[PDB]
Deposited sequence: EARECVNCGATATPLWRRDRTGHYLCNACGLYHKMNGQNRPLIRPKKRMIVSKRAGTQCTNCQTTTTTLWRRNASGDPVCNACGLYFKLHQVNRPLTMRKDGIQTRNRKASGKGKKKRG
């Protein structure tokens, strides 16, 4: 399971990375990027989903999932119901 190399936290609203590529929680990531030293120690309007790694907002200011949000940004039309994928997907993102 993904662990922050600084504090050891396994839960966080947004995983970030250091220069070498290793993982930091949101709090450790912002601190080290800001300061340059280690840190001391709801559903979608469109598709009605309740599971997403990143919530976004539509023009009116309502919450939409990552997929629905990024889709409208690229189509100027809401994400159709017939595109909704089952379960969760993950990707091996490389560093650099």
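Enquirer: Checking coverage: what stretches of the deposited chain sequence are missing C-alpha positions?
Expert: Holes in the chain trace, numbered from 1: 1, 43 to 56, 112 to 119.
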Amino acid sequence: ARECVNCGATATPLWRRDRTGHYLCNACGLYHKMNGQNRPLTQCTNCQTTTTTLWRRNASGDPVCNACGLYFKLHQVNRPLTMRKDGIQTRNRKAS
From here on, numbers count along this sequence of modelled residues.
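Enquirer: Quick one: say whether 75 to 83 or 5 to 13 has the higher mean Cα B-factor in the deposited entry.
Expert: Of 5 to 13 and 75 to 83, the stretch with the higher C-alpha B-factor average is 75 to 83.
Enquirer: Averaging C-alpha B-factors over each stretch, which comes out higher, 27 to 35 or 63 to 71?
Expert: Looking at the record's C-alpha B-factors, the answer is 27 to 35.
Enquirer: Should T49 be placed in the lowest, middle or highest third of its chain by the C-alpha B factor in the entry?
Expert: Highest third, going by the recorded CA B-factors of the chain.
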